[PDB]
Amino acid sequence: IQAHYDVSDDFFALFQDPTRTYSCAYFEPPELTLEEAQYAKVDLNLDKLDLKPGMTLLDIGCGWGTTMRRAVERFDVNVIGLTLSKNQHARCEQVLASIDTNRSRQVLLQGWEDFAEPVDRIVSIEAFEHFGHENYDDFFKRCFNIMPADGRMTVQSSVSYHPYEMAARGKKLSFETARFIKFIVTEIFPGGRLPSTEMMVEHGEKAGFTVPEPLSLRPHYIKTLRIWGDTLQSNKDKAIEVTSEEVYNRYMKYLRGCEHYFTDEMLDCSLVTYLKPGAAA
């Protein structure tokens, strides 16, 4: 039933930039194109990790391979990617195999639940919303355990607020946001659950990480979603012929709706850094 909501790489290409990044971009400086801003976001995350030549970076939820390839090119690291999409696995294999490097590059069709190999640093961009609340302690424990004494990880994720925090903004908007979030986690990312920033932080701490102040990316997601939404709309006829009127309308509701709730400050997007006790200063 969650399989009813699988969509082809054809469709995503009709709103995403040529890197095929499916996550909040970083418009610093403000005038960057979406493509440039996606590279800036990858850099934003990678720069937090204290990566040195010859380390192994794990990317959990590696999408179509851009983050891994950028890490190899910039940092001369080995890379391992995990994805649960067979399509993304295939594209990543092609992206990774054709990098001019001596470093090791591997993409695995499996979840973090199944991965327990030593790595030096971890990046996870907008996969965390798929994991589910019940699995947070296990996720952070696993990340802590596979890393060395100086390990670091970044996790970028959309977030909501506790229903109490929301009801402070008025009951009407609070219930309407809760419904829209249920839509995201049913029709866009089936089986998902949006965390709060507080859950992301506290679960990391319980596992033993040091957690600095999270970075809010909300204004940047506003811009990202506007550009996505404008692109899909411009590509409407193509999108419908690639899929259906149903999928097109589904993604326009998601894109326009997310832009609206981020604007209204009912959603946020946090980039959280997790530092192990022996992490560099």
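Numbering starts at 1 and runs along the sequence shown.
Peer 1: Should the higher mean CA B-factor in the entry be assigned to 84-92 or to 159-167?
Peer 2: If you average the C-alpha B-factors of 84-92 and of 159-167, the larger mean comes out for 159-167.
Peer 1: Quick one: higher average CA temperature factor, 75-83 or 130-138?
Peer 2: Between 130-138 and 75-83, it is 130-138.
Peer 1: Would you mind checking where the Cα B-factor of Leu14 ranks among the modelled residues of its chain, as the lowest, middle or highest third?
Peer 2: For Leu14, whose C-alpha B-factor we compare with every modelled residue in the chain, the answer is the highest third.
Peer 1: Looking at the C-alpha B-factor of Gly191, is it in the lowest, middle or highest third of its chain?
Peer 2: Highest third, going by the recorded CA B-factors of the chain.
Peer 1: Place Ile60 in the lowest, middle or highest third of its chain's C-alpha B-factors, as listed in the PDB entry.
Peer 2: Tercile = lowest for this residue's CA B-factor.
Peer 1: Tell me, lowest, middle or highest third: where does the Cα B factor of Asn45 rank within its chain?
Peer 2: Middle third - that is where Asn45 ends up once the chain's C-alpha B-factors are sorted.
Peer 1: Relative to the other modelled residues in the chain, which third contains the C-alpha temperature factor of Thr243: lowest, middle or highest?
Peer 2: Ranked within chain, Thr243 CA B lands in the highest tercile.
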